[PDB]
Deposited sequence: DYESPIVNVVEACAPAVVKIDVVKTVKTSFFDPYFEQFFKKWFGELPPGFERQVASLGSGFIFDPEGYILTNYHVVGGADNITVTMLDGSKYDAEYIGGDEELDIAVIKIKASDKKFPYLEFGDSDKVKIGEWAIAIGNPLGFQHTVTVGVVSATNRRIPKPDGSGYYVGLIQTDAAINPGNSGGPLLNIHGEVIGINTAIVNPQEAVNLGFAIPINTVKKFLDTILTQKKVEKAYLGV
């Protein structure tokens, strides 16, 4: 009832976690991601592949309709569709982003009322062993959740791609995958401490999940300030 913090956080942050679907006609189609949804989300219409280019998550960080997510998700997109928990659908405008950090901000028109939003925590003050709650919403009408703890900070992983490195990442034993990539990674306090990122496939590996520290995200956001 009230003795379950994690349950509380979700109940509080779920309505701000969105879905992000981008129609085809075509680069952000990294074969790893399409196979994850294709193989695990039987809730995907018969015409997913042909019709979809990218499915992910993201989250509103400020009432005006500003949203964060993974660049690989939205990436260089023309057709961006945002779906919310209440059911309402929207069109987002690619504000800006960065592929090497894999952060990306989006914007949804707020006709009358503003939207619900999450608050940023502080990456520099994260303790290893603290609970982290990953939230996702690829289906739109329901939020998926995985729990774990902070395993390590400032991680560097060579992209199995053989062309770069994922760097500055927060690690968790909370499962992170295309099903919650782009969603937020929270505290027991409801503060966003990172952006769940699945680019780290991870490729038939276990309990190794990663996220982008918000402090890094803040330094990014500031470069796309109004």
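Novice: What are the missing stretches of the deposited sequence, listed from start to end?
Specialist: No C-alpha coordinates exist for 26-27, 229-239.
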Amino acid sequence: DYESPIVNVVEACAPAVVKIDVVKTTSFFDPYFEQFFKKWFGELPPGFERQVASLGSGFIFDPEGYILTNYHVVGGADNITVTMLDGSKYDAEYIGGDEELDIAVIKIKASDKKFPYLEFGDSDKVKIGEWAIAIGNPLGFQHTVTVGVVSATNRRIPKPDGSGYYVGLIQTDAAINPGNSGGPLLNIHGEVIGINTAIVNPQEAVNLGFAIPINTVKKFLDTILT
From here on, numbers count along this sequence of modelled residues.
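Novice: Which is higher on average in the deposited entry, the C-alpha temperature factors of 34-42 or of 180-188?
Specialist: Result of the comparison: 34-42.
Novice: Between 110-118 and 124-132, point out the one with the higher average CA B-factor as the PDB entry records it.
Specialist: Here the higher of the two C-alpha B-factor means belongs to 110-118.
Novice: By the CA temperature factor listed in this entry, which of these ranks top: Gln171, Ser163, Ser57, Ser27?
Specialist: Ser27 has the highest C-alpha B-factor of those listed.
Novice: Could you say which of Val17, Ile214, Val23, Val9 has its CA atom at the highest B factor, as listed in the PDB entry?
Specialist: That would be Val23.
Novice: Looking at the C-alpha B-factor of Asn79, is it in the lowest, middle or highest third of its chain?
Specialist: Answer is highest: the recorded C-alpha B-factor places it there.
Novice: Once the chain's modelled residues are ordered by C-alpha B factor and cut into thirds, is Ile199 in the lowest, middle or highest one?
Specialist: Highest third.
Novice: Lowest, middle or highest third of the chain for the C-alpha temperature factor of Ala175?
Specialist: Ranked within chain, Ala175 CA B lands in the lowest tercile.
Novice: Should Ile193 be placed in the lowest, middle or highest third of its chain by the C-alpha B factor in the entry?
Specialist: Lowest third, going by the recorded CA B-factors of the chain.
Novice: Relative to the other modelled residues of the same chain, rank the CA B-factor of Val149 and answer lowest, middle or highest third.
Specialist: Lowest third.
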